[PDB]
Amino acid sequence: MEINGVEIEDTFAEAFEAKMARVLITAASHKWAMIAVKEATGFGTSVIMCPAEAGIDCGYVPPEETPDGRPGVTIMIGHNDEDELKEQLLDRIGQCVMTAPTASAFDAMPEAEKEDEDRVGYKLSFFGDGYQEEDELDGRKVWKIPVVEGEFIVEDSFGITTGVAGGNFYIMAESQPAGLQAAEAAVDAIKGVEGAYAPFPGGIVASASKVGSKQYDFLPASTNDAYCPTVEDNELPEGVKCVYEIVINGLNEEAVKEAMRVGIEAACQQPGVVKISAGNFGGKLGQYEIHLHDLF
């Protein structure tokens, strides 16, 4: 199989069940919404050594579609453990969205995906020290928390789902610059797929990992040396000088599949791409297998 002359390896991404929330942040403008967004979703590439996996879902929510009539952005926050996710919701919304100029936080978990709920707004409202007030806004139960700016509006409760984490594909390129141009094109495409996010910096992984380590016994993960171009005994095709990985989390398997589909399609339009692969664990770890040949 080839897409625009680029080899698609007959392999699969191995992905996992993971708990996820989806939050709508609105603010006085898109600019201020993004300010809160970047802060709240930062230090959140991987649960290997980050507190969560977080990223932007929809970069632009029209003011006419938000509960308060203001510009919005949707983000997603995820973790393998639901209790840690609830902690991460409280911390990131309370430290990064409550503190952000003009930003409000509303639930954006689709009705069908909702399995559980965490009362993040209620838990945050105690910051008001007795002065907090419940109200209804556009049919939503919200807390109005007095802050020095005026008020912080946060929805009482946020829906939690079991989503899919670790959808992925590798871009194998003739050089680093060609690999990165291809990878950014992929991420631009993934931007448009609702319910999916790419937690790594710019959505791109420059340092893909393997489980554990061969030489050490204190490492949870180490470099995927099989795919390292400066490693003597690497398993890279000839003419492959750089590898990038795109890692995708989503509300469901279909959102991850779509993000993988449009990502690869976009990457294969860029020059100097040799082949597309995917990362898996030989079916021994995950709950999902997304086969590349099935997507096209």
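Heads up: residue numbers just count along the shown sequence, starting at 1.
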query = Which of the two stretches, 84-92 or 182-190, shows the higher mean Cα temperature factor in the record?
reply = 84-92
note = Averaging the C-alpha temperature factors as deposited, the higher value of 16-24 versus 276-284 falls on 276-284
key: Options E149, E155, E174, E115 - largest CA temperature factor per the record   = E115
note = Top Cα B-factor in this entry, restricted to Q215, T74, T161, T99, sits on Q215
message = Test of reading the entry: by CA B factor among the chain's modelled residues, which third contains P62?
response = middle
remark   = Sorting the chain's modelled residues by C-alpha B-factor and splitting them into thirds places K241 in the highest
query = Hey, what third does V47 fall into on Cα B-factor, ranked over its chain?
reply = highest
query = Which third of the chain holds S207 when residues are ordered by C-alpha B factor: lowest, middle or highest?
reply = middle
remark   = Quick tally, chain-level thirds of C-alpha B-factors: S104 sits in the lowest
